[PDB]
Each structure stands twice: as structure tokens, then as C-alpha cells.
Amino acid sequence: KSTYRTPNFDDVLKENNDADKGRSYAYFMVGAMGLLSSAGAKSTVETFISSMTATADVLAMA
Amino acid sequence: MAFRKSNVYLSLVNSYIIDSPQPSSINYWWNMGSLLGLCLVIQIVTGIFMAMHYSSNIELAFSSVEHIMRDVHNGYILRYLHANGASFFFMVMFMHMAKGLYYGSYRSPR
Amino acid sequence: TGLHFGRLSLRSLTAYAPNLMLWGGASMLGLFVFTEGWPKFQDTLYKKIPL
Amino acid sequence: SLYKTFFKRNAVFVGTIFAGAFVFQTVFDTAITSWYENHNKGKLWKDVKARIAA
Amino acid sequence: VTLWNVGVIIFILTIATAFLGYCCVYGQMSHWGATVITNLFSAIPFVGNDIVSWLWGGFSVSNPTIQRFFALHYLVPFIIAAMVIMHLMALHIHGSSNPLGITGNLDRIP
Amino acid sequence: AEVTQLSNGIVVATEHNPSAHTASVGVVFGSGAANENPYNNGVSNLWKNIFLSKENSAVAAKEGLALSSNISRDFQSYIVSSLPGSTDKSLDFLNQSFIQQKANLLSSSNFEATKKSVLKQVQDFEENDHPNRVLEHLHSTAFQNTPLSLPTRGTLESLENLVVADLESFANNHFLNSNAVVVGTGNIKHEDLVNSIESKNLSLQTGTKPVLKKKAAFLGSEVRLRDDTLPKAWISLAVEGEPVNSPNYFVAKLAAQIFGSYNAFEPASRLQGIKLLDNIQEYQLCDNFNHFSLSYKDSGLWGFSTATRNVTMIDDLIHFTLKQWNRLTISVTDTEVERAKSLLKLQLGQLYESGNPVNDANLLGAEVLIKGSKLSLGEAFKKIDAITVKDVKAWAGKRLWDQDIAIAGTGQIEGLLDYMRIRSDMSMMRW
Amino acid sequence: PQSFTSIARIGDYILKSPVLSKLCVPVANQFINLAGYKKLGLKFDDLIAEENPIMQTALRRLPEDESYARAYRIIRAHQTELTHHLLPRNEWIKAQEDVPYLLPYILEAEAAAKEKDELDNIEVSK
Amino acid sequence: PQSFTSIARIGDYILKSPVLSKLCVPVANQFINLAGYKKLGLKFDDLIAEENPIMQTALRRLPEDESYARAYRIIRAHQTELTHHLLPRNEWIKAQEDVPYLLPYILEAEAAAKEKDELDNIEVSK
Ligand SMILES: CCCCCCCCCCC(=O)OC[C@H](COP(=O)(O)OC[C@H](O)COP(=O)(O)OC[C@@H](COC(=O)CC)OC(=O)CCC)OC(=O)CCCCCCCC
Ligand SMILES: CCCCCCCCCCCCCCCCCC(=O)OC[C@H](COP(=O)(O)OCCN)OC(=O)CCCCCCCCCCCCC
Ligand code: HEM
Ligand code: HEM
Ligand SMILES: COc1c(O)c(C)c(C/C=C(/C)CC/C=C(\C)CC/C=C(\C)CC/C=C(\C)CC/C=C(\C)CCC=C(C)C)c(O)c1OC
Ligand SMILES: CCCCCCCCCCCCCCCCCC(=O)O[C@H](COC(=O)CCCCCC)COP(=O)(O)OCCN
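These protein sequence lines are chains E, C, V, I, N, A, R and G, in that order.
Using the authors' numbering, read the first sequence as starting at 31 and increasing by one per residue.
Using the authors' numbering, read the second sequence as starting at 1 and increasing by one per residue.
Using the authors' numbering, read the third sequence as starting at 11 and increasing by one per residue.
Using the authors' numbering, read the fourth sequence as starting at 5 and increasing by one per residue.
Using the authors' numbering, read the fifth sequence as starting at 111 and increasing by one per residue.
Using the authors' numbering, read the sixth sequence as starting at 27 and increasing by one per residue.
Using the authors' numbering, read the seventh sequence as starting at 2 and increasing by one per residue.
Using the authors' numbering, read the eighth sequence as starting at 2 and increasing by one per residue.
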């Protein structure tokens, strides 16, 4: 059939597009995933960095 | 052209992890090879930080691993992440190899 | 008539000026985050009453 | 509207992500330590140290 | 220019490597050389006295100092080997120069 | 020039020019392809060719008359041209073709030969004219399931199932006096035209055309028609833009003039003050491009079309072009805004002050049908001269920054990447 | 990376000055003879570095009779150095022949690139 | 990497045998329906691996009407598996259509490569 007739997408389309309704709920999840990953990638770094500090039996002999 | 395509060092990154063409139908069994690259980074990093406190003499070796687990700050996290990390490294490799054995990835031209 | 620049212009230095200290200061908006867990500067870690 | 300032730039949003993660750690820790110590109250050392002060 | 800048990074990592290994001997020059060099980072404002106690692992050049200097000393030679690979890659795109300082594309031998 | 409208039951508009050596008289209707359904798509294109058929044109050529017609989305036109001292015959011919006797034209022999002629035009269009059929497919995916998606020529599948009764039904509902404007351009006085119409008691049909249920709605989408036997790639790309009777009508037109049009083989077109050309000419990514701002009764489109033979560097062309669009929100210079003011006035002067009275009759009738009057060219220049740098940034941050897109392509478009790699280039976020 | 427009700006002020052109020109003639490029069979404009767009433009526009002779002088020079010798004294470049054959093509490529930058970042009179 | 000449050598001995073709043909019909390539919209000759010269030769020589239809069946199949669904029951390949459209082009590419090797390493009668 003709290429100018588009197939049906009515089972996946949102009734009210509201340009900032897919722009608010999509980006809130991408921001939350970067907030938790910037806090998790920091507790990791400072956990390895603190192993190089003085140990328990060196502080006792201070 | 874009800078990621013209620079000598970024061109390799672009060709491998950005613009590399992939088949659309590959499933989650094709994700095990990236995990094995994370396993190797975990095992190497945690080992450098324990090696600063280790002693390899046969009369000092066992008691040095207990010194890591009692006196070193966050030392029990380093070791257990290391000892259990190697068991996870081998389990992902058995799944990687059994994948290639199922889908025929060993055949020509690979 | 002309404009001051060495192939990056004050055109996009003073238009980029609100940005290059905000986006440029987006990396010690990172120092809020980058620099605790240590007793380095606890004068400025726990000072906010949320903290 | 909301999107033109919440996340329009990402100097708006990598600074808000980073600044908001610093506040998250403190608030998150105090809430976990309060639930952990109250779930196991009576067994800790500070409770034992308050029962032998005769 | 990029080939010359990767070279300056190799030079920094090679001074570091040679210093750490001279301390693994723990002679009389090995102990007092680490004392006067690590105490130079005490003059950095507001973070000086905390990075020195973190390098030493205590309050002086002592046993944590020598055990971590040896483990870093095996590592850094393998970082140099990766800088050398990047160094050769930057030479292959334009090639070498010649003592006359003019183009060499008219007379080449393998 | 100066226009003059009246309403004696019939809306008569005129634009006199004493320097012209010809005169045009016609009628413009306020219905086009956007007032059709998918079953009768192409019925307005058949009325054009029935009016221009050989036995009708022979009757005109014996009195010194030439015929024309034009079909668009919002209007249709039927023009008669003559010498200045023969405009009374122009109206009589138009009387016995629309007001009376449009049944002699719809005979059996005249309808079959006309149909066969139209099926051959639309077939050669779909197989040889690649720039224009890719721009038609853009309207068809951007406005899908709305009236503004249908093509103006029709399709080969809907044209074959059209009979005479479909032509007569469409005329009873749309060729109405309530939906019509009588126009006159060239060397013709305004009062001589209206008195000629009053001396005849003309009336096409009374009024109340249909209602048109749905409105036009933009949808972000794509359609790809890959053909590896053709030697180029043709691509079009747009966002939602401004309709007519919008306040931002001339601001959108000015923003398209900033990037403009290009031809790689013309030497002077390589020297234009357009910053995008410093990126394209290094590796010669394209042969030509042109930026458009289209406007209809309900919606619009803003974007560009391109054709290229570098089928391995398509992604760099689309990337570099969309990074310049971002500058309209962030960093656009006062020099770029003053250049575009001057060239836009030259572009509008050539369109409205050409020599052809037939082109001026189509512009006048469409404007009077859609806002009641016609804006002067001296008033449009004053609006263009009052646009600032702040007005461009406000328009772009609403219409361009982080917004959905419509895409169409044909040819060797294997190198055209997925939707989301292109959608992401509409916001910088290195910022 | 000093521009040639600037070099000639300074040089033509020295040469058209009576008192300056008698203390710096004798000094500059001994500087060229001690350098020794004329003994390898080279003119000065062959020594200029050519890994930049203004010099790639000047070499495309050079006539081919002069371009073929330049490539032979450069090949002959690379070979005189692999052997650690100098050429015979009757094959040296003489002072009459040491002319700036490439300078005029360079100055017009520089004046056009500067004109373009002044127009690409201009502000308007209004 | 069993040759197709050998597969048909064995198969045509089974089919032209009365007693053998009634125990192995019913078994082979259930083997094809349990495999499930016909439900993705594929014929068997689409599944053959094509990273070798004898299969690259057969595909060049395939007519273009049959080549354009093969590429659509392969694209439709990658998309059906990507979604973890099967096609409708009226778009499945039927047994009449499951014909070896590529077998004859393969057998003539194999008979010519074998003829060449027998001549490249022949010994002479003299
Ligand atoms: C320590 C490391 C942990 C990760 C290791 C395992 C990860 C790889 C395992 C492969 C797998 O995913 O299992 C699928 C397998 C075969 O099936 P298949 O390849 O045809 O379909 C794949 C389709 O893309 C799913 O993904 P799907 O496309 O259906 O939807 C996305 C899915 C995301 O779920 C996941 O994250 C999976 C990791 O959505 C959700 O689940 C939302 C949550 C409600 O069928 C199975 O379920 C078998 C389970 C695995 C048993 C073997 C291992 C035991 C030792
Ligand atoms: C020398 C080295 C030897 C290495 C041998 C190591 C053996 C231990 C490895 C354990 C992992 C083995 C799992 C098999 C992975 C291969 C890929 C695979 O089987 O996936 C395809 C299979 C088919 O089912 P699908 O619906 O996904 O269809 C897609 C294609 N037909 O989809 C499936 O995954 C099938 C469903 C899941 C089966 C799970 C059964 C348990 C598998 C063993 C796990 C370990 C013991 C419990
Ligand atoms: C592929 C990478 C590695 C693997 C698979 C691996 C495996 C192991 C295993 C299984 C153990 C014994 C765990 C236990 O039961 O305690 C171990 C111990 C150890 N490894 Fe690793 N290792 C790896 C990398 C490294 C590296 C790079 C280092 C040094 C830089 C290192 C340093 C150590 C040390 C010090 C111990 C003794 C302490 C302990 O028992 O945890 N490892 N390794
Ligand atoms: C482990 C240390 C190094 C290794 C293995 C190495 C290796 C090489 C090699 C094989 C070459 C090509 C042959 C040659 O020009 O001799 C080269 C060239 C070069 N290297 Fe290094 N290099 C090292 C350190 C450095 C350093 C420290 C610098 C500068 C700070 C440097 C700067 C250069 C430059 C500029 C060239 C190009 C010279 C030319 O082509 O004329 N390299 N290097
Ligand atoms: C199929 O598509 C893919 C694909 O999906 C992927 C993921 C990849 C990439 C896959 C990988 C597995 C990446 C490869 C990773 C490695 C080879 C790991 C090697 C590097 C390391 C293990 C890091 C080593 C660490 C150090 C040298 C430093 C550690 C020590 C520290 C930080 C201590 C420093 C001292 C002090 C005092 C702070 C592909 O190449 C690819 O092909 C196109
Ligand atoms: C974890 C162990 C490390 C082993 C991996 C080595 C990676 C170290 C990076 C070293 C950076 C070297 C910079 C020196 C040259 C600077 C001059 C220059 O212009 O070159 C730089 C080279 O930069 C890089 O090498 C980083 C690319 C990642 C490498 C991935 C293989 C120009 O390229 P680049 O774009 O990356 O830098 C500017 C950023 N806008």
C-alpha cells in the first residue's frame, strides 16, 4: 500500500503530550541516578584513601 | 570533523565504546564481558592497598593478614571484597564461555 | 571597527562569563561534595545545621 | 517554566547534583544510625554502662 | 607538541620511581632523604600537616613508610610502560624529523 | 502599492499597477488539500487539470486568453489573463465555467483522458523528483493522522478510485461565495471590476462549508525510504514553528535567514557570512542546503533540507548544523542580526514586487481569505527593523532548545544515525 | 611563529634608514655566511617550515618550473649530509641566486587570512 | 563445514530408497517444526552462514528480485527477536514456500572449486 499512510501507534501513544510532561518525569530519574552515583563514588574513594592513615597500633604508641 | 574522531587518543575511545556498530538483537548474555573488566579493576585496586601492609615472610604472613583485619582502618572491607571478588570473577567467566559455546562464537571468522 | 580576541572572543568571554564561573564553579559546587570524610577542615563540614 | 531553570543547562544540574549529594550523606547517616541503635537498644554498651552505676 | 608533552610526564614518573626504590634499601642516606623530602609538603597552606602524616602512615619515617614505598615502586614502572605506548602512537602520525629541519617526504628508506 | 477590498455579497480585492502591460482576473477559494480525507486525496488536483484541458483552453485562446491554476494546502486558484483592454471577456469566460456550465467539462471522454494524464504526473514525481518528495514525507510524519499530512497532488492508490461523482460532491461543499475572493492585478482599475460584476448578478453558491473536526498536531517522528541504487542522500529536518497571524511570524523568518542557503559549485555562495560554512567546506560534507520557515492556518515548520554525496560523513553534517542552532539561545551576535534584516527585506521585495500579475493574484487572495486584509510592504519593513537580539533568544529558547524533531530521508542514508543521537544534539548541556 | 608581515615591517624600516643600514647590514652578511646553508646547495626559502596552512597555500601556487628545481635541491641536500661532506665550491649557491622566490606568495596568503578574521568578528556601525 | 555435495549424496540415497524414506522423513518433518525458524518469518537457506568464499559467490549470482526479498526477511527477524515476540500466525512461512532457492547456486560453485584443485595438483600421464 501507499507509503504516505503511516501504521497505527495508538496503543503506545500518550493522550496529552504536554511537551514538559515527558521532560519532567524522565529527566527527574536521570538526575536522581547521578545524585546517588556521585555520593556512592565518593564514599568509595574516601574509604580507600583512609586505609593509608595511621593504624590503631601506631596511634596507641603516640 | 568532530574532535573525538580527529584526535589520536580519543579516536580509539570513539571507535570502541561510542560509535561502534552493534547488532540490535543481542541479549543480556552479551553483558558478561564488561563485568569481567570491572572484576579485574576491583581485584587490582584492592590488592595494591593491602600490599602496603602485607609481609611475605613465612613467620609473618598469617599474622599480617590478621593485622589487616583488626588494625587497618576499613581493612576488613578490603579483604572480603577481595576474597569474594575472585569467586565472582570465576562465575562470570564460566557464563561467558558457555555463552560462546551455545551461540557458536568460536567458529570462523572468530 | 573590530573586536578584541586571540581566536576566542570577549564576545563569548562576557557571554561565557556568567557560565565560566558557574559551569567553571560547577567543580567546587563539587567541593561541597569532594572534600569530607576526613578531619581536614571540619570547621566547614558540619557548619550547616542540616549538617 | 520549570524545565528552563531546573535542568536547562547542566552547570545548573551537575552543581545541583554535586551540592545535593553532600547534604544527602549527612541526612542519610543520622537516620540509619538512629534506627540501628533503637532496634538493638538494651544490648549496647551505653545501656550496660548505665545499669552498673551503683 | 603532543609528543613532547607526554615525554614530560614520563620524566616526572621516572624521578618518582628512582626515589621510592632508594628508600627500600633503608641505609643512612635512604632514611634521612625521605625525611627532608616528605617534610617539604608541610609548607602547603592548611593541608600541609595532614598530607605528611598520611604519606608516612604515622608520625615519622617508620615501618608503614617502607612497606608502602616498596608496593608503589613495583607499580609505577608499569604506568611508565603505558606512557611509552602513548608516546609512540603520537610519533607514528607525523614521523620523525631530521637534522636539516626541512621536509623528509622526498627521500625515505624503510 | 495600495489594495482595496469591498463586500457587495461578493468579496472583491484589487491591486492596481499603471506600469503593467497585462491584466489578470480570477477567483481564489479557501479550501485545499487540508480539507480532504484519505479516500478522496487528489480531487483538487483533478479540478486543476479539467480547467486546463485542451477543449477548454482552445475556447480561451480564440479571444486572446491564457489560463492558470495552483493547488496548495490552504487554498486553490483559477486565473485568467488578458491584455489591459480586454478584461471584460475574462469575466465572461469565468462565468461559464464555475457559475454556469461545469457539466460540459465533466463529460466521459474528457474525464478519462484527464485522469490518465494525472496518474502519469504523480508516477514520474515519485520516481525522479527526490528533493520535493522527501519534503512531502516530512509533512506526512510530522502531522500524521491530521488534515495537514495529506499530499497536494494525491497518491496513486487514491487517485484510481475517483469517479465523476466525487468531483461534483467536492464542488457543492467548497466552491461557495462564503469561501471565495475575486481578485484583480496588473493594469485594472478597482471600480471597473466591481461594476462589471454588478452588471451580471453573479453568485457561485451561497455558503456554510463543512466544519473540519480535528486540529493540526505536531508529532516527533521519522520515516526512512532507503534506496542504495540512487547516487546521493536527500534529508529534511524540522521542528514545530509559527502559523500565520502569529506575533513571532517575522522573527522565525529572520532566524532562517541567518543560516540561509548554499551551493558548493557557485563561487560567491562560498563567501557568505555564515559561520556554519567554516565547518562544512573543510571536507565538503554537502552539495547544497536551504533553510525554510513555513506557515499555515494551524501550525508551521522550521528547519532545513540538504543533498550530499559524502555518504560516510553524514553524522558530522547533522551534528555541526544543530550546534549552530543552539547559538540562537546562548550566543548570537548583533552583526548576525543586522545582516539577516537586510537580506530578508530583499527576499520579501522580490516575492511581492515581481513582474508577473499571476503571482501577485495568488498572494493577495490567500492573505485576504485568512486575515481579512493585506499588510503593506512598508509596514512589514518597519516590523523587521524593530527586532532585537533579545527577541531571537526568547523565540529560540521556546521553539528550539530541547525540543522534538521530525526527520525524513531517502537514498544512501545508512550513515544517518538513530533518532536519539540526533534528538540529543538539540540541547548543548556542555553549558 | 613570528609573521612575515611583521618581519618586513621591521626590516624595511632598517633598510630605508641611512644610519641604521650601515651597522646592521654588514653584521647580517657575516651571519648568513657562517650559517652554511649555501654550501649544501640551498636557498633560504627552502629552510622555512611548511607544516601549516599559509605555507601549504604558497607552495600550491608556486610555478612548476620553480617547484621541480626546489625538490632537487632538497634531495641533493639530504644526500650531502648522510655522507658528512660538503659540495664542490663551484656548486655552491651564490649571492645573486639567493633571492626570495617564495616571499611574495606568502605575503598575499597572510593579508587574506587577516582580512577574513577581521570580518568574521566585526561589530556593526549603527 | 560439511560440504553440500556430501549432504545431498547422503540425502538422495535415503529418499530414493523405499524402506529408508518412511522412517527418517517423518522424523525430519517434526525436527523442522520444533526448530521454529518459520515462525520468525525465515526460510532455511537464510540461516546458512555466509562468511566464506563459496557463499559470497552464490549471493552475487542470486537474482535481485530474490535478493531484495531476502534482506527484508532478515531485518524483520532481528526486530521480532529484539521484542521477545513471535509474528502473527498468518505471516509464518508455509511448507510450500520453504524451498531451496540458493542450493543450485551453491552446488555449481563447489563443483568448480574442486575441479580447480584437482588441476592445480595433478601429475602427468607420460
Ligand atoms: C552476578 C552477576 C549477575 C548477573 C548475571 C546474570 C545476567 C545474565 C543472564 C541473562 C538473563 O538476562 O536471563 C535471561 C535468560 C534467557 O532469556 P533471554 O536471553 O532470551 O532474554 C533476555 C532479555 O533481554 C531480558 O530482559 P528484557 O528485555 O525482557 O527486559 C528488561 C528487564 C531487565 O531485567 C534485568 O535487569 C536482567 C539482568 O526488565 C526487568 O526485568 C524489570 C524488573 C521487573 O533466562 C533466564 O532468566 C535465566 C536466568 C539466569 C540463570 C543462569 C545463571 C545461574 C547461575
Ligand atoms: C571449561 C569451562 C566449561 C564452562 C561450563 C560452565 C557451566 C556453568 C555455567 C552456568 C551458565 C550456563 C547457562 C547457559 C548460558 C548459555 C546461553 C544460554 O543458554 O541462553 C540461551 C538459552 C535459550 O533460551 P532463550 O529463551 O533465551 O532463547 C534464546 C536463544 N535460543 O537461554 C537460557 O539461558 C536457558 C534458560 C536458563 C537455564 C538455566 C539453567 C541452569 C544453568 C546452569 C547454571 C549453573 C548450575 C545451576
Ligand atoms: C586477577 C586478579 C587477582 C585475583 C584473581 C586474586 C586472587 C586472590 C585470592 C583468591 C586470594 C586469597 C583470598 C583469601 O582467601 O584470603 C588472594 C590473596 C591476596 N592477594 Fe589477590 N588476586 C588478584 C590480584 C591481586 C593483586 C594485583 C594483588 C597485589 C597488588 C593482590 C594481593 C593479594 C594479597 C596481599 C593477598 C593476601 C591477603 C588476603 O588473603 O586477602 N591480589 N588473591
Ligand atoms: C622511557 C622513556 C622514553 C622512551 C622509551 C622514548 C622513546 C622514543 C623513541 C623510540 C623515539 C623515536 C626515535 C628517536 O627519536 O630517538 C622518541 C622520540 C622522541 N621523544 Fe622519546 N622516549 C622517552 C622519553 C622521552 C622524553 C623524556 C622526552 C622529552 C621530555 C621525549 C621526547 C621525544 C621527542 C620530542 C621525540 C621526537 C624527536 C624527533 O623526531 O626529532 N621522549 N622517543
Ligand atoms: C563489544 O563492545 C565493547 C564493550 O561493550 C566494552 C565494554 C569494551 C571495553 C571493555 C573492557 C573490558 C575495558 C578494558 C579494561 C581493562 C583492560 C582493565 C585494565 C586497567 C586496570 C585494571 C586499571 C589498573 C589501575 C591502576 C594502574 C591504578 C590503581 C592503583 C591506585 C589508584 C593506587 C594509587 C596510589 C595512591 C597512593 C593513591 C569494548 O572494548 C568493546 O568493544 C568494542
Ligand atoms: C589508570 C592508569 C592510566 C593508564 C591510561 C593512561 C591515560 C592517561 C591520560 C594521560 C593524558 C596525556 C595528556 C598529555 C598530552 C597533552 C597535550 C594534548 O593536547 O593531548 C591531549 C591528550 O589527552 C589524553 O591523552 C586523554 C585521552 C584519554 C586516553 C585514553 C587512551 C589531547 O587530547 P584530549 O582531548 O584527550 O585532552 C584535552 C581534553 N579536552
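Every residue gets a Cβ at the ideal spot worked out from N, C-alpha and C, and that includes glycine.
Coarse secondary structure for residue i, derived from DSSP in three states
i: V29(A); result: strand
i: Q102(A); result: strand
i: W48(V); result: coil
i: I261(A); result: strand
i: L60(C); result: coil
i: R456(A); result: coil
i: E41(I); result: helix
i: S107(A); result: strand
i: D444(A); result: coil
i: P54(R); result: helix
i: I219(N); result: coil
Limits of the unbroken beta strand (DSSP E) element including residue i
i: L327(A); result: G326 to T334
i: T40(A); result: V37 to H42
i: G435(A); result: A432 to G437
i: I97(A); result: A92 to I97
i: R55(I); result: Counting along the chain, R55(I) falls outside any beta strand (DSSP E), and DSSP gives it neither H nor E.
i: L251(A); result: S247 to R252
Per DSSP, the bridge partner or partners of residue i
i: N289(A); result: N314(A)
i: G210(A); result: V51(A)
i: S19(V); result: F15(V)
i: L320(A); result: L327(A)
Run of the alpha helix (DSSP H) containing residue i, from where it starts to where it stops
i: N199(A); result: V190 to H200
i: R79(C); result: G75 to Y103
i: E268(A); result: Here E268(A) belongs to no alpha helix (DSSP H), and DSSP marks it neither H nor E.
i: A181(N); result: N173 to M199
i: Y38(R); result: From DSSP, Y38(R) is part of no alpha helix (DSSP H); its letter is neither H nor E.
i: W166(N); result: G158 to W166
i: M52(C); result: Per DSSP, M52(C) belongs to no alpha helix (DSSP H) and is neither H nor E.
i: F10(I); result: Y7 to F10
(Q) Please identify, using Cβ separations under 7 Å, the residues of the segment 80-94 of chain G that lie next to chain C, in order along the chain. (A) Flagged, chain order: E82 and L83.
Q | Neighbourhood of ligand 1 [Cβ distance below 6 Å to any heavy atom], ordered by chain position | A | Put simply, the residues with a CB less than 6 Å from any heavy atom of ligand 1 are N27(C), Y28(C), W29(C) and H85(G), in chain order.
Q. If contact means a Cβ-Cβ distance below 7 Å, which residues of the segment 128-145 of chain N contact chain E?
A. Of all residues in the segment 128-145 of chain N, none has a C-beta nearer than 7 Å to a C-beta of chain E.
Q: Can you list the residues near ligand 3, meaning Cβ strictly closer than 6 Å to any non-hydrogen atom, in the order they appear in the chain?
A: Any residue whose Cβ sits closer than 6 Å to a heavy atom of ligand 3 makes the list: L40(C), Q43(C), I44(C), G47(C), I48(C), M50(C), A51(C), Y54(C), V65(C), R79(C), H82(C), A83(C), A86(C) and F89(C).
Q | Residues surrounding ligand 4 [beta-carbon distance to nearest heavy atom under 6 Å] | A | Sorted by position in the chain, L113(N), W114(N), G117(N), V118(N), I120(N), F121(N), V194(N), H197(N), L201(N), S206(N) and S207(N) make up the residues whose C-beta lies under 6 Å from a heavy atom of ligand 4.
Q: Name, going along the chain, the residues of the segment 35-68 of chain G whose beta-carbon falls closer than 8 Å to a beta-carbon of chain C.
A: The residues in question are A50, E52 and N53.
Q: Can you give me, in chain order, the residues of the segment 354-368 of chain A that have a beta carbon less than 7 Å from any beta carbon in chain R?
A: Taken in chain order, the members of the segment 354-368 of chain A whose beta-carbon sits within less than 7 Å of a beta-carbon on chain R are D360, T361 and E364.
Q.
Can you pull out the residues from the segment 42-54 of chain V whose beta carbon lies closer than 9 Å to at least one beta carbon of chain E?
A. Flagged, chain order: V43, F44, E46, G47 and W48.
Q: Determine which residues of the segment 2-24 of chain C have a Cβ less than 8 Å from any Cβ of chain N, and write them out in chain order.
A: Under the 8 Å Cβ criterion, the segment 2-24 of chain C contributes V8 and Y9.
Q: Determine which residues of the segment 411-441 of chain A have a Cβ less than 8 Å from any Cβ of chain I, and write them out in chain order.
A: Within the segment 411-441 of chain A, the residues whose Cβ lies closer than 8 Å to some Cβ of chain I are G423, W427 and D428, listed in chain order.
Q: Pull out every residue of the segment 12-23 of chain I whose Cβ sits closer than 7 Å to any Cβ of chain A, in chain order.
A: Going along the segment 12-23 of chain I in chain order, one finds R13, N14 and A15 with a Cβ nearer than 7 Å to chain A.
Q.
At a CB distance below 9 Å, what residues from the segment 292-310 of chain A approach chain E? Give them in sequence order.
A. Cβ contacts with chain E come from no residue of the segment 292-310 of chain A.
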